[PDB]
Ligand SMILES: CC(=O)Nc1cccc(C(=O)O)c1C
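Here's a solo chain for you in structure tokens, the form deposited without the named molecule.
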């Protein structure tokens, strides 16, 4: 048998806002968080824009001294996690601290720290590398720092499955609780790869939209004029909680996490297969996990990266999985507004999926001016759509052909 898992707290930094309600307000308004990147020389770069976190104040969370030790991705991870725990009302005690764990991940980790320490290294040699370089840059330090700050002694780990990280982190945290290895988990991911290395790295693979003239129109999933993904920064964290543990302390329950699917394409290092066979297997695995029929799905938060191959594969995968119901569900890419937070994409999009359930509204796919060949599904073009949503899927399909799907259902 298996215990049920609910969402009792959510936290976020995104290009739309410094918390969940501000981000969600921008999502439902169709607002873009995309703009040229500042305080950075991007002259020799073919992409000069992205989703930055605007006006983040780390000292709401940490002392200036402890923040100086930590890469921005870790700072963002901690901000979302601290928000999620506060949002949950959970009280950590000697009686429960061994049952409360953390799985906060990242796709690329501490590129900003690596960049700045490389500067020191090359210019002045190794003795100028920060003593906190390693612990302040490695991906497990959101889980590490959070556990130390709150006294969490439950399972303590971090995933790194590129653009699938956040989805896998939440799913595997849910499994921890279901199989009785924990009663509470903080899970999600964080990312800050709007360094030269991130824009240069993805830029070198010509993976990025180069629509520098109109950065807010760059991310246009399933639009015939799309030219690659938009790089974005931020974090999402959820408090996952066993249902009876949640009910006993009178927690506010946003939604139930009913399904987790994983698969590998085993196809290509960066490109999905044309027919989305891997994403189809993963969605089917998630629905089977949830004991649900494809007909019961109302809302999908797509991966929807605005890459020509990625977008088309996801249409193929949804038609294959959902057959005569594929047009009845609504599917949207919130990456049309946020851009692609890579390892954090799955975390913030799980939150948007839970909020679609709370508010009975499908977030828009903005910039869908001219759907491409075969993009004839309900993709919620331009504006939010109020509707019945009992069951919401969130998909993540990343490099190495690693796929994740989460199934959320209304709780009452």
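Residue numbers count along the first chain shown, from 1.
FYI, the form solved in complex with the named molecule isn't displayed, but the following is about it.
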Item checked: Partner contact for residue 247 in the bound PDB entry: the named molecule, 4.5 angstroms, heavy atom -> no
Item checked: Heavy atom of residue 327 within 4.5 Å of the named molecule in the bound PDB entry -> no
Margin query: Considering non-hydrogen atoms and a 4.5 Å limit, does the named molecule approach residue 163 in the bound PDB entry?
Written below: yes
Margin query: Please tell me whether any heavy atom belonging to residue 307 falls inside 4.5 Å of a heavy atom of the named molecule, as the geometry stands in the bound PDB entry.
Written below: yes
Next item on the list: Scan 391-410 and note down the residues that get a heavy atom within 4.5 Å of the named molecule in the bound PDB entry; none is a fine answer too.
Entry: 397, 398, 399, 401
